[PDB]
Amino acid sequence: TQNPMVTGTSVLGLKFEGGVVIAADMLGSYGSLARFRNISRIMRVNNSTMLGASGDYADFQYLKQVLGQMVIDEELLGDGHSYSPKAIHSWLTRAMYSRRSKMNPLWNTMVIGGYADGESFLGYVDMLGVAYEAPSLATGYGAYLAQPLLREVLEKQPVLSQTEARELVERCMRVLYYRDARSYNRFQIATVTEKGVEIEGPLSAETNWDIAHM
Amino acid sequence: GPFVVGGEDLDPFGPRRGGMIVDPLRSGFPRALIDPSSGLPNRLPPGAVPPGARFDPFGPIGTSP
Amino acid sequence: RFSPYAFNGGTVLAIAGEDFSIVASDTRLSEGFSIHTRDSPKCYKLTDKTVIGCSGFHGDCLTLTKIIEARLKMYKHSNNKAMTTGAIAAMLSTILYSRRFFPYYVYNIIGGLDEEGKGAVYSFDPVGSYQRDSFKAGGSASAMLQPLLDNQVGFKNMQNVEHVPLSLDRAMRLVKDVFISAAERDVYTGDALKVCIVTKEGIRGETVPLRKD
Amino acid sequence: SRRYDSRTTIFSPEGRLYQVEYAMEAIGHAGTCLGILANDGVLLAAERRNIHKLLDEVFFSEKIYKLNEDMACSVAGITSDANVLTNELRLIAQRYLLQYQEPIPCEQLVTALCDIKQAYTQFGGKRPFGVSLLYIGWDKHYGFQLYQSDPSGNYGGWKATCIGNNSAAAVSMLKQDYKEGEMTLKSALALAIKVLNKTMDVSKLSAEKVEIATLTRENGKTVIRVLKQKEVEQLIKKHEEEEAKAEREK
Amino acid sequence: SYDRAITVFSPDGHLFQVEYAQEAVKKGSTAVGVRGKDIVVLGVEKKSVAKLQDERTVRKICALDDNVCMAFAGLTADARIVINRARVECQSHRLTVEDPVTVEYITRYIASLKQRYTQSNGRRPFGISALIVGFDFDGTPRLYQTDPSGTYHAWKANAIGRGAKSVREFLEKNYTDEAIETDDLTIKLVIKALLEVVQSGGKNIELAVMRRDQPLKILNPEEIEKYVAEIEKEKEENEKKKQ
Amino acid sequence: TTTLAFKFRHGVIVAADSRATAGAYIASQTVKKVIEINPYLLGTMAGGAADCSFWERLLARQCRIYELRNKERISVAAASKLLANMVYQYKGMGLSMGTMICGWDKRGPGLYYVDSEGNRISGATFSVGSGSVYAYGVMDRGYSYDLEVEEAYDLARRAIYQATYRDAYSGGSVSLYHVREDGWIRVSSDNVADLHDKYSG
Amino acid sequence: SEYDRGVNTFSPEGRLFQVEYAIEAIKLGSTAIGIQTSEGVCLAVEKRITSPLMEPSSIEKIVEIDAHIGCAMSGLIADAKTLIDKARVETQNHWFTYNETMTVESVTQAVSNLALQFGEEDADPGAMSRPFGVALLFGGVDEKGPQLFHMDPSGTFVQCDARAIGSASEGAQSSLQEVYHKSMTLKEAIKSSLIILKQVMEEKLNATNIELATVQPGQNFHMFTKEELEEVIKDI
Amino acid sequence: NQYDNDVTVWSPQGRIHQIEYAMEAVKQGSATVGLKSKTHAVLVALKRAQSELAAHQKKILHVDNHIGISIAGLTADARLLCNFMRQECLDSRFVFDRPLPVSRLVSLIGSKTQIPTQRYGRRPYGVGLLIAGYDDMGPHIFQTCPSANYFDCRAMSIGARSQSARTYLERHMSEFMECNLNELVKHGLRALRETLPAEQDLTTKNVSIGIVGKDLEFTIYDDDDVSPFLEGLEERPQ
Amino acid sequence: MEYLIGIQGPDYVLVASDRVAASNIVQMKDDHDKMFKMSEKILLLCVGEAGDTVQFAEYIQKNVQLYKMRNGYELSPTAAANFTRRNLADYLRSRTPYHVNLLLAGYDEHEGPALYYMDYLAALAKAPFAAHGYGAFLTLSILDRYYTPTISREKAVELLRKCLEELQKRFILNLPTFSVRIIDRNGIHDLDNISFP
């Protein structure tokens with residue numbers, strides 16, 4: 001993709017004791033226009049992996065189709081082996097790097113969250129093939145607006161509970177709604193635990209506008 | 001672009017440029033390429049910031065008007 | 001347009017001793033003015049005697065490290081033995097030149113022991129031009145650290161100074177100090193220093209914190 | 001697939017290529033083509049095997065084909081393979097003219113067609129072309145020339161040669177009667193008429209059963225023309241007159 | 001697109017197609033090559049003289065370059081193809097190496113081409129044997145011989161084609177260091193070797209001569225008849241020494 | 001970079017500097033700019049270090065294959081032609097190589113200049129690199145075919161020293177090679193500071 | 001009779017017909033002997049000259065694969081030419097890529113990987129239509145010391161302490177079993193090889209009837225000259 | 001007859017004779033034995049020497065850190081299959097950064113070996129493999145055939161005179177599961193020795209051992225590393 | 001810039017070229033031959049881009065020698081010039097174009113002397129005299145002024161010397177020495193170098 005047409009804004013990820021939480025708004029923007037306000041930018045890969053993406057939504061749909069077909073094939077084999085979140089992250093890195101090396105990139109920045117064998121996974125892949133793991137993630141404008149708060153909390157408290165992680169994610173979503181012009185006040189929160197992947201939404205953040213009288 | 005090598009190592013004058021060793025950081029790789037207008041409601045005029053002058057970005061990368 | 005490259009920071013240092021090799025790097029991954037993560041070491045163990053350090057475009061670094069691992073496995077299968085440090089250096093030179101017209105934006109330093117047991121250090125340019133050195137700094141702070149290594153390890157521009165052979169403890173202290181200075185002056189260097197020591201008894205890793213600003 | 005393969009390009013236990021020999025038998029079953037080289041020109045004299053009262057008049061010639069401004073050829077064997085080979089010959093001549101802006105020498109054209117024939121006889125699994133060709137032409141290097149090519153790809157230069165039906169008797173007649181260095185086009189035409197008369201023993205000679213073409217140089221130009229019916233009739237009349245004179249004088 | 005395996009092994013370990021190509025070579029006209037101190041002589045028998053044939057077009061001796069020339073026995077068209085490929089290779093080597101080829105190099109190229117045609121799908125081996133002669137840069141005379149199988153060897157004197165066994169026996173009985181002392185002696189030796197199987201007494205002999213740093217020269221029938229007359233004179237000398 | 005080579009009565013003298021630069025930064029002062037292709041063939045590095053090293057290593061492979069096939073060492077002209085044909089296929093794609101192929105063969109001492117642009121010229125004296133003008137001046141002032149071996153060594157060293165003095169991309173140490181009939185020898189490797197002490201002092 | 005089957009059909013005994021026929025073709029070649037000792041490897045081949053007008057120096061049944069590897073061939077030498085070229089190219093490619101010398105085992109493996117690459121269908125133009133008809137004896141010195149390897153058109157290759165290939169490979173191998181021992185020296189190996197060659201050759205052994213080459217630690221591939229051969233055959 | 005020369009020709013009995021001939025080719029090779037415990041998979045191969053002065057042919061090959069194979073049949077076919085498997089494992093580690101599961105590799109081998117059995121001018125792979133691997137599902141022993149069929153085995157033996165080894169494995173399969181590494185290797189060695197004639201005995205020259213396990217990468221013991229496993233083996237019961 | 005000049009007389013062709021090989025501001029070679037011997041009576045003179053000249057000239061030379069080897073006789077100068085033009089035109093629109101300026105000089109046993117002019121675009125023109133390079137501007141007027149169709153080889157050498165003296169006087173480039181060759185019925189003869197020390 002040379003010119004992304006319909007794009008998604010920041011996607012956040014955060015690890016807690018027992019799993020990972022991922023949040024993304026439900027808006028697809030056609031430039032400055034908020035054109036598609038009820039799209040889902042978070043996908044369930046398998047019972048232990050979830051994926052959220054920013055950037056071109058058509059490329060995200062293509063990747064969702066390919067990943068779903070891969071999961072279907074692997075479950076068709078039925079031999080007791082399933083893709084781990086780390087394996088999905090590595091495959092995504094390989095695919096993004098291959099697309100970038102052909103000068104035909106997939107215009108996306110994806111967050112991979114997972115929980116397998118009692119350990120949480122949080123992975124980042126961008127359109128150039130740059131990949132890494134971190135206890136917290138934030139793409140797009142969230143890298144400037146949401147990442148500092150998550151990093152501050154994790155520096156004070158390295159290990160968070162699910163409730164604390166969800167509260168911090170909600171605060172970051174509220175800040176993103178305040179300060180990001182391509183964001184929307186209608187988002188989803190996806191959690192992966194030992195029980196599987198659960199996607200909640202649509203959700204709204206409580207906003208304060210008392211500085212308008214100052 | 002910044003992967004130029006051997007141009008200036010073979011002839012002092014001529015269109016070709018580059019030393020004996022490839023180093024993008026030493027051949028004008030953008031590194032952190034930031035617009036001077038980033039963080040501003042309006043775009044800066046061409047030549048507002050003279051090269052070599054201490055400049056502080058008005059905002060992070062991606063906030064260019 | 002579309003840029004297939006990005007600079008992710010990272011400084012890689014290697015010092016070759018009489019019976020040891022040290023490869024050190026910072027663990028900060030960045031892009032532009034932001035920090036991707038504070039734990040991303042640039043040092044990779046290849047064999048029991050070879051450690052490579054890769055800095056620059058991080059996607060290229062990952063791909064190159066994976067390709068090197070695959071080629072080492074292929075060599076071990078085809079030749080029934082592990083690659084030597086010089087063989088790895090020559091193979092990496094060929095691999096880097098294979099992409100001459102679309103280069104890997106990687107700064108590569110190979111540190112290990114040669115066939116005689118002496119420490120060996122190889123520095124690579126992105127298209128595969130390499131030579132054997134005793135010490136080398138590569139990455140974002142290479143220009144800061146190279147003259148200091150010349151002064152302190154090579155004893156350059158000094159008179160009435162005995163060229164005492166470099167010891168492991170002195171080299172470790174020097175590496176830590178130069179990385180502290182680099183973290184002071186370079187914005188891409190910080191948050192940790194990871195040191196890999198290659199001796200005949202194996203490879204030993206060590207971590208030293210740096211400033212996080 | 002292996003069961004149905006005929007193996008047309010394999011050696012025999014005696015070192016022979018059977019398909020080539022069978023194509024040469026096909027040549028031997030074809031019509032007589034005769035070529036005689038003279039001092040002032042070279043001619044072709046083919047036997048018209050396509051004779052029928054309901055056949056239409058031929059456009060230019062049944063068996064003689066112009067290859068370029070300086071060369072002509074005569075064919076014996078399978079007719080459609082001959083058409084393919086003549087088209088290829090014209091293509092080769094035009095390609096040489098395009099590359100060098102000079103007319104191709106005759107031997108180079110014969111060599112190219114023979115290379116194609118040999119390529120068919122060596123690989124591909126295809127049957128060989130069942131055509132033998134006679135070549136006449138003029139070039140700046142060797143003047144008037146006469147060449148003969150085989151389906152095997154073998155060629156050679158000649159002063160007088162024959163291919164097709166009863167070619168051995170014609171070759172013996174030419175050996176007895178051809179005079180090297182003394183031949184004129186008139187004497188060559190007389191010899192061609194007598195050889196065609198003797199070889200075509202089953203059918204009496206007539207202008208409707210033979211085709212004659214000559215190649216001459218006229219003021220720096222090559223003239224390839226086919227003799228008209230009256231000219232061939234006059235040639236046959238002169239031959240019969242000479243035969244009657246010999247009968248009287250014996 | 002034809003990919004049939006034509007040359008295959010037999011139960012006894014023989015390649016029948018190569019053997020049949022050698023049999024086809026055995027039916028060709030006899031070609032004789034003899035290496036001398038300062039000269040190389042190639043002699044080929046004419047199977048029949050037609051008296052109506054342009055002899056220039058049926059020559060069995062040709063030059064591959066300014067220093068290398070060869071003779072052949074077997075299938076004339078396959079020999080023509082091989083000669084053309086060898087000439088192209090000689091020009092390519094003169095281009096890339098900036099030096100004229102050696103006899104061994106072009107012999108190796110020809111032998112490798114023949115071997116390739118003995119082990120490739122959809123084609124049959126060449127039915128020719130070649131006698132490659134020439135002079136190297138240092139001036140050393142060379143004589144090589146290839147066969148349809150693709151093997152080559154260097155020789156002092158050799159004969160291929162039909163009747164090659166008897167001619168080779170004659171060469172073995174007659175090739176001496178004093179029999180090649182002069183160029184005329186070498187020419188007479190080649191003509192005598194050819195005369196052991198041919199009739200007409202030198203009329204059926206095509207003879208060629210190549211000298212150091214000189215172009216290949218073809219003897220006219222007058223010179224060949226003069227040499228044959230000299231050989232008859234030496235036969236009469238042997239007769240007079242007998243009695 | 002400054003590399004020079006000249007022919008005289010006792011073979012071919014090859015000299016070079018050892019400084020590699022990245023922009024205005026000196027990446028290395030110990031670069032072996034004289035490539036030992038074979039025990040009988042030498043090459044020089046000027047332009048892209050990776051380009052020259054890779055293509056001269058390919059040339060070394062080709063020469064070894066040629067020796068194995070022909071049972072005779074390749075000639076200097078043939079090796080230079082092989083390198084020129086190899087590099088001509090990538091003309092205009094950005095390769096920057098200027099090299100000298102030096103050796104001794106059946107024709108005597110050989111010296112060819114081959115560049116990535118496609119030039120291939122035999123000559124008596126050559127100088128390649130950004131400092132080649134200064135080396136050209138000094139060498140031409142001091143050159144003669146009848147030079148003695150020590151005089152040739154001194155001339156090559158002095159020319160490279162002057163080139164490093166005047167050129168910002170030339171420096172480090174001077175590596176001197178002598179190509180003789182029975183192969184080349186590595187004569188010396190003298191640091192530029194020591195040469196400054198010897199010459200100015 | 002020879003086209004009833006394809007080139008890749010199994011016999012009822014589990015053997016490819018063409019490979020067995022190539023193995024049979026090997027037995028028509030001249031005898032070659034390789035002996036591996038702790039001091040090096042020696043290779044000896046019968047030249048089998050057919051006519052005195054032939055030049056024995058043009059027969060090359062021992063070739064130099066690299067400075068540290070030599071090859072002795074038996075069977076159809078024209079078939080061995082391409083395998084030898086492939087071996088040389090592989091050694092040079094390995095030197096180019098890794099700046100080191102190949103091991104003898106890896107060279108033998110690379111050559112043996114070409115043995116079964118034949119077939120009519122599903123083949124590019126210029127592919128092999130039949131197996132090779134040569135047996136190769138690879139002798140060289142690497143970091144594991146001197147080593148001798150044997151290869152046959154079946155694609156199998158093994159390490160050998162002392163082996164013989166060719167027409168007289170049965171009688172020579174039995175002779176090799178008696179004379180050979182682990183503590184054998186290079187001179188003893190050369191003498192025993194020449195003795196066995198003299199026993200198995202029809203003609204009398206001389207400096208022109210045979211080839212002999214050695215590879216030793218610290219010394220390149222070395223083919224014996226006529227004076228060295230005369231010295232060795234002086235007392236046997 | 002007329003049905004035994006092509007792989008694309010069915011017989012009137014519904015059989016393909018070329019495949020059976022390739023199975024005979026597998027039966028011609030020297031015997032090898034594969035067996036697994038709860039934690040380890042072991043391959044023991046009976047190597048053969050062409051002559052007294054020839055080294056014994058390699059029979060156990062490295063495929064990956066968790067997979068090794070033992071071959072029986074055409075050695076060039078075995079090398080082709082081993083190269084294909086090595087490439088598949090390397091691709092798996094490159095794309096997913098995880099070891100390729102053994103069952104999926106065996107499925108790939110079967111898919112690759114089925115193709116030549118249905119196309120004119122091709123031939124079946126004349127080699128049979130015993131595959132020992134360890135993954136998340138534990139140790140695995142697999143057997144492949146020229147017929148492109150593969151089997152998941154508790155224990156298996158292929159090669160010449162493998163029926164006696166199979167009988168011994170049948171007898172001791174009940175206790176193969178709870179054995180430790182040394183006991184499992186001794187069981188495999190006894191099964192392999194069952195294939196040997198009475199005058200022949202297992203020695204350090206003709207025995208090759210390949211072991212993979214939970215905490216042990218695939219390793220091959222050939223000449224002097226075999227002696228600890230050979231030590232303790234009782235005399236032949238006759 | 002390199003300089004070629006050809007002068008055709010009643011029974012000869014006279015050609016000359018500069019012997020300078022130049023890189024940047026430095027003359028690397030003082031005796032550099034730009035004439036390629038196509039046959040016993042054909043000379044090809046080539047200037048243009050580095051590399052292109054030698055590659056194209058040697059390709060043409062090898063093809064002409066291959067023609068002579070295959071056919072037993074040599075190409076005429078007209079046929080060789082047309083073959084060269086055809087190849088250059090074919091390469092013009094291909095992926096590997098050659099930027100070469102050519103002069104073909106040859107003597108034919110029947111046609112006589114011939115001189116051909118070819119530019120880098122592969123347009124072929126037969127001329128009584130021709131020149132290539134920036135020095136052609138300064139010498140073609142002299143050739144037009146003094147050339148006659150019946151000029152003898154001595155007067156042809158004198159006219160060539162006049163042109164080279166004008167090049168010495170007025171050209172900004174240093175072209176001190178020239179190689180001179182003549183083609184007639186006896187082949188190619190190397191004349192004395194014209195030099196200006």
# chains A, B, ... in the order shown; residues from 1 in each chain; ligands from 1

call {"tool": "interface_residues", "arguments": {"of": "chain B", "to": "chain C", "cutoff": "6 Å", "atoms": "only C-alpha atoms", "output": "VMD selection string"}}
result
chain B and resid 22 31 to 32

call {"tool": "residues_around", "arguments": {"residues": "range 44-57 of chain D", "least_positions_apart": "2", "cutoff": "8 Å", "atoms": "only C-alpha atoms", "output": "list in words"}}
result
residues 31, 32, 33, 34, 35, 36, 42, 59, 62, 63, 64, 74, 136, 192, 196, 208, 209, 210, 211, 212, 213 and 214 of chain D

call {"tool": "write_last_selection", "arguments": {"atoms": "C-alpha atoms", "output": "PDB file, in the first residue's frame"}}
result
ATOM      1  CA  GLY D  31      10.602 -36.234 -60.304  1.00  0.00           C
ATOM      2  CA  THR D  32      13.871 -35.642 -62.114  1.00  0.00           C
ATOM      3  CA  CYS D  33      15.598 -32.302 -61.518  1.00  0.00           C
ATOM      4  CA  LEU D  34      18.671 -31.490 -63.602  1.00  0.00           C
ATOM      5  CA  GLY D  35      21.275 -28.760 -63.268  1.00  0.00           C
ATOM      6  CA  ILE D  36      24.121 -27.911 -65.653  1.00  0.00           C
ATOM      7  CA  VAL D  42      23.738 -22.009 -65.193  1.00  0.00           C
ATOM      8  CA  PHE D  59       1.708 -19.116 -62.139  1.00  0.00           C
ATOM      9  CA  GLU D  62       5.855 -25.764 -60.677  1.00  0.00           C
ATOM     10  CA  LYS D  63       9.250 -26.873 -59.349  1.00  0.00           C
ATOM     11  CA  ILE D  64      11.624 -23.893 -59.758  1.00  0.00           C
ATOM     12  CA  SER D  74      14.672 -26.718 -57.705  1.00  0.00           C
ATOM     13  CA  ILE D 136      21.865 -22.172 -58.981  1.00  0.00           C
ATOM     14  CA  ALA D 192      19.899 -31.023 -70.687  1.00  0.00           C
ATOM     15  CA  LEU D 196      15.844 -35.455 -69.960  1.00  0.00           C
ATOM     16  CA  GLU D 208       4.429 -29.550 -71.408  1.00  0.00           C
ATOM     17  CA  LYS D 209       6.326 -32.158 -69.350  1.00  0.00           C
ATOM     18  CA  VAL D 210       9.549 -30.231 -68.616  1.00  0.00           C
ATOM     19  CA  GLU D 211      10.408 -26.865 -67.077  1.00  0.00           C
ATOM     20  CA  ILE D 212      13.675 -25.092 -67.909  1.00  0.00           C
ATOM     21  CA  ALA D 213      15.102 -22.031 -66.154  1.00  0.00           C
ATOM     22  CA  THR D 214      18.399 -20.285 -66.881  1.00  0.00           C
TER      23      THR D 214
END

call {"tool": "residues_around", "arguments": {"residues": "residue 88 in chain H", "least_positions_apart": "3", "cutoff": "12 Å", "atoms": "only C-alpha atoms", "output": "VMD selection string"}}
result
(chain C and resid 70) or (chain H and resid 63 to 64 67 81 to 85 91 to 96 99 to 102 104 to 109 112)

call {"tool": "closest_atom_pairs", "arguments": {"of": "chain E", "to": "chain H", "cutoff": "12 Å", "atoms": "only C-alpha atoms", "output": "JSON lines"}}
result
{"residue": "E:3", "atom": "CA", "partner": "H:121", "partner_atom": "CA", "distance": 10.5}
{"residue": "E:4", "atom": "CA", "partner": "H:121", "partner_atom": "CA", "distance": 10.1}
{"residue": "E:5", "atom": "CA", "partner": "H:121", "partner_atom": "CA", "distance": 10.9}

call {"tool": "select_by_dssp", "arguments": {"residues": "range 56-197 of chain C", "states": "helix (DSSP H, G or I)", "output": "MDAnalysis selection string"}}
result
chainID C and resid 58:79 85:97 142:152 168:185

call {"tool": "closest_residue", "arguments": {"among": "F:164, F:173, F:2, F:75", "to": "chain E", "atoms": "only C-alpha atoms"}}
result
F:75

call {"tool": "select_by_dssp", "arguments": {"residues": "range 35-152 of chain I", "states": "strand (DSSP E or B)", "output": "MDAnalysis selection string"}}
result
chainID I and resid 35:39 42:48 100:108 112:118 124:126 129:132

call {"tool": "residues_around", "arguments": {"residues": "range 174-189 of chain D", "least_positions_apart": "3", "cutoff": "12 Å", "atoms": "only C-alpha atoms", "output": "VMD selection string"}}
result
(chain D and resid 34 to 45 144 158 to 162 167 to 171 192 to 196 198 to 199 211 to 217 227 231 to 232 234 to 236 238 to 239) or (chain E and resid 49 to 54)

call {"tool": "closest_atom_pairs", "arguments": {"of": "chain G", "to": "chain F", "cutoff": "12 Å", "atoms": "only C-alpha atoms", "output": "tab-separated table"}}
result
residue	atom	partner	partner_atom	distance
G:60	CA	F:71	CA	11.7
G:63	CA	F:68	CA	9.1
G:64	CA	F:68	CA	7.2
G:65	CA	F:68	CA	7.6
G:66	CA	F:68	CA	7.7
G:67	CA	F:68	CA	9.5
G:69	CA	F:68	CA	11.9
G:70	CA	F:68	CA	11.6
G:81	CA	F:69	CA	10.4
G:82	CA	F:69	CA	11.4
G:84	CA	F:69	CA	9.8
G:85	CA	F:69	CA	8.0
G:86	CA	F:65	CA	10.8
G:87	CA	F:65	CA	10.8
G:88	CA	F:65	CA	7.1
G:89	CA	F:65	CA	7.1
G:90	CA	F:65	CA	10.3
G:91	CA	F:65	CA	9.6
G:92	CA	F:61	CA	6.0
G:93	CA	F:61	CA	7.6
G:94	CA	F:61	CA	10.0
G:95	CA	F:61	CA	8.1
G:96	CA	F:61	CA	6.8
G:97	CA	F:57	CA	9.8
G:98	CA	F:57	CA	11.7
G:99	CA	F:57	CA	10.1
G:221	CA	F:68	CA	11.9

call {"tool": "interface_residues", "arguments": {"of": "chain B", "to": "chain F", "cutoff": "9 Å", "atoms": "only C-alpha atoms", "output": "list in words"}}
result
residues 4, 5, 6, 7, 8, 9, 10, 11, 12, 13, 16, 18, 19, 20, 21, 22, 23, 24, 25, 26, 27 and 28 of chain B

call {"tool": "write_last_selection", "arguments": {"atoms": "N, CA and C atoms", "output": "compact mmCIF listing (two decimals), in the first residue's frame"}}
result
# COMPACT_ATOMS: atom_id res chain seq x y z
N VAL B 4 25.84 5.94 -0.53
CA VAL B 4 26.78 6.31 -1.58
C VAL B 4 28.19 6.02 -1.08
N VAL B 5 29.04 5.53 -1.98
CA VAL B 5 30.37 5.08 -1.59
C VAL B 5 31.30 5.17 -2.80
N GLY B 6 32.51 5.66 -2.56
CA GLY B 6 33.57 5.62 -3.55
C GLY B 6 33.62 6.80 -4.50
N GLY B 7 32.60 7.66 -4.49
CA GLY B 7 32.60 8.78 -5.43
C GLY B 7 33.72 9.76 -5.17
N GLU B 8 33.86 10.21 -3.92
CA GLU B 8 34.89 11.18 -3.56
C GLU B 8 36.23 10.52 -3.24
N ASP B 9 36.27 9.19 -3.15
CA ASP B 9 37.50 8.46 -2.89
C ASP B 9 38.30 8.18 -4.15
N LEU B 10 37.74 8.45 -5.33
CA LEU B 10 38.39 8.18 -6.60
C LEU B 10 38.80 9.44 -7.36
N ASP B 11 38.05 10.53 -7.20
CA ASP B 11 38.32 11.77 -7.93
C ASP B 11 37.88 12.95 -7.08
N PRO B 12 38.75 13.93 -6.85
CA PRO B 12 38.36 15.08 -6.01
C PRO B 12 37.18 15.86 -6.56
N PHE B 13 37.05 15.97 -7.88
CA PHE B 13 35.95 16.69 -8.50
C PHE B 13 35.23 15.79 -9.49
N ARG B 16 30.10 12.09 -8.82
CA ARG B 16 30.04 11.01 -7.85
C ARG B 16 30.55 11.47 -6.49
N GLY B 18 30.98 10.22 -2.08
CA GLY B 18 31.07 9.13 -1.14
C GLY B 18 32.50 8.72 -0.83
N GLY B 19 32.73 8.24 0.39
CA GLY B 19 34.04 7.79 0.81
C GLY B 19 34.26 6.32 0.52
N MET B 20 35.28 5.77 1.17
CA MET B 20 35.61 4.36 0.98
C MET B 20 34.64 3.43 1.70
N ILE B 21 34.06 3.88 2.81
CA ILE B 21 33.22 3.06 3.66
C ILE B 21 31.79 3.58 3.61
N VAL B 22 30.83 2.67 3.51
CA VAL B 22 29.42 3.03 3.57
C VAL B 22 29.04 3.33 5.01
N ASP B 23 28.44 4.50 5.23
CA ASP B 23 27.92 4.87 6.54
C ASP B 23 26.80 5.87 6.32
N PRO B 24 25.54 5.43 6.40
CA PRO B 24 24.43 6.38 6.22
C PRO B 24 24.46 7.54 7.20
N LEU B 25 24.87 7.30 8.44
CA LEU B 25 24.91 8.37 9.43
C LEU B 25 25.91 9.46 9.03
N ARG B 26 26.95 9.10 8.29
CA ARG B 26 27.94 10.05 7.81
C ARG B 26 27.65 10.55 6.40
N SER B 27 26.56 10.10 5.78
CA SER B 27 26.23 10.53 4.43
C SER B 27 24.82 11.12 4.37
N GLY B 28 24.46 11.89 5.39
CA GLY B 28 23.18 12.59 5.39
C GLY B 28 21.96 11.71 5.48

call {"tool": "interface_residues", "arguments": {"of": "chain C", "to": "chain H", "cutoff": "10 Å", "atoms": "only C-alpha atoms", "output": "list in words"}}
result
residues 63, 66, 67, 69, 70, 71, 73, 74, 76, 77, 78 and 80 of chain C

call {"tool": "decode", "arguments": {"residues": "range 177-182 of chain C", "atoms": "N, CA, C and O atoms", "output": "PDB file, in the first residue's frame"}}
result
ATOM      1  N   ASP C 177      33.095   2.347  31.371  1.00  0.00           N
ATOM      2  CA  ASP C 177      33.301   3.790  31.439  1.00  0.00           C
ATOM      3  C   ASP C 177      32.966   4.476  30.117  1.00  0.00           C
ATOM      4  O   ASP C 177      32.330   5.541  30.106  1.00  0.00           O
ATOM      5  N   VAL C 178      33.388   3.892  28.992  1.00  0.00           N
ATOM      6  CA  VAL C 178      33.103   4.514  27.702  1.00  0.00           C
ATOM      7  C   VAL C 178      31.607   4.503  27.424  1.00  0.00           C
ATOM      8  O   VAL C 178      31.069   5.450  26.841  1.00  0.00           O
ATOM      9  N   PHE C 179      30.900   3.450  27.848  1.00  0.00           N
ATOM     10  CA  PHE C 179      29.458   3.454  27.641  1.00  0.00           C
ATOM     11  C   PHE C 179      28.759   4.435  28.571  1.00  0.00           C
ATOM     12  O   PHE C 179      27.731   5.008  28.197  1.00  0.00           O
ATOM     13  N   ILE C 180      29.303   4.664  29.767  1.00  0.00           N
ATOM     14  CA  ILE C 180      28.753   5.706  30.631  1.00  0.00           C
ATOM     15  C   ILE C 180      28.900   7.073  29.973  1.00  0.00           C
ATOM     16  O   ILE C 180      27.956   7.875  29.946  1.00  0.00           O
ATOM     17  N   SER C 181      30.078   7.350  29.409  1.00  0.00           N
ATOM     18  CA  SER C 181      30.281   8.619  28.711  1.00  0.00           C
ATOM     19  C   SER C 181      29.358   8.747  27.502  1.00  0.00           C
ATOM     20  O   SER C 181      28.786   9.819  27.250  1.00  0.00           O
ATOM     21  N   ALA C 182      29.204   7.663  26.737  1.00  0.00           N
ATOM     22  CA  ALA C 182      28.312   7.690  25.583  1.00  0.00           C
ATOM     23  C   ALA C 182      26.874   7.961  26.004  1.00  0.00           C
ATOM     24  O   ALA C 182      26.173   8.755  25.367  1.00  0.00           O
TER      25      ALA C 182
END
